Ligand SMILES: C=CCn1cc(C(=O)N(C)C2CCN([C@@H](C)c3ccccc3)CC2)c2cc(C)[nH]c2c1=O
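A single chain, nothing else alongside it, follows as structure tokens in the form deposited without the named molecule.
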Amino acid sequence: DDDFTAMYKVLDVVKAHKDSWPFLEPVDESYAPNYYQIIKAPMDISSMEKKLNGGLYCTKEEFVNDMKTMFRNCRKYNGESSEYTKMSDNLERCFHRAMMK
């Protein structure tokens, strides 16, 4: 199957994972004060899904880079001990495995 379908299947696997729910929509400062002063390259799953449907992932590498940015932002903002960082780590390992199939 083609790259678009391949990438979309990976999104579906990531979205279906139990720990995906914090990452589904753009970060809201209601629960994350000063987020956009701290994180200058924000990313979330809905935004990736919009890019994918809009034809903006010209290569799989660009999709990977956005996914990895979303995880890096979570760790940077929430810190190493956050429950959310643990979720990010779990989701990132799931993502790596999905990406290789």
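Just count from 1 along the sequence shown to find any residue number.
(request) Tell me which of 61-69 and 26-34 has the higher mean C-alpha B-factor in the deposited entry. (result) So the stretch with the higher mean C-alpha B-factor is 26-34.
(request) Take the C-alpha B-factors listed in the entry for 91-99 and for 2-10, compute each mean, and give the stretch with the larger one. (result) Result: 2-10.
(request) Divide the modelled residues of the chain into thirds by Cα B-factor and specify which third, lowest, middle or highest, holds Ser82. (result) It falls in the top third of the chain.
(message) Using only modelled residues of the chain, where does the Cα B factor of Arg75 rank: lowest third, middle third or highest third?
(response) Middle third.
Just so you know, the form deposited with the named molecule bound exists too; it's not on screen, but the next bit is about it.
(request) May I ask whether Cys74, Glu92 and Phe95 each come within 4.5 Å of the named molecule in the deposited complex, counting any non-hydrogen atom? (result) Yes, each of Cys74, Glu92 and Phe95 comes within 4.5 Å of the named molecule in the deposited complex.
(message) I'd like to check something about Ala32: if you look in the deposited complex, is any of its heavy atoms closer than or equal to 4.5 Å to a heavy atom of the named molecule?
(response) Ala32: yes, in contact with the named molecule in the deposited complex.
(request) Considering only heavy atoms, tell me if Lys68 and the named molecule come within 4.5 Å of each other in the deposited complex. (result) Although the named molecule is absent here, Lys68 would touch it in the deposited complex, with heavy atoms inside 4.5 Å.
(message) Just checking whether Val64 would be counted as a contact of the named molecule in the deposited complex - the rule being heavy atoms within 4.5 angstroms.
(response) It does: once the named molecule is placed as it appears in the deposited complex, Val64 has a heavy atom within 4.5 Å of it.
(request) Flag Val27 as yes or no: does it have a non-hydrogen atom within 4.5 angstroms of any non-hydrogen atom of the named molecule in the deposited complex? (result) Although the named molecule is absent here, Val27 would touch it in the deposited complex, with heavy atoms inside 4.5 Å.
(request) Go through 1-23 residue by residue and record those having a heavy atom within 4.5 Å of the named molecule in the deposited complex; state none if no residue qualifies. (result) The stretch 1-23, when checked against the named molecule in the deposited complex, contributes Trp21, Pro22, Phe23 at the 4.5 Å heavy-atom cut-off.
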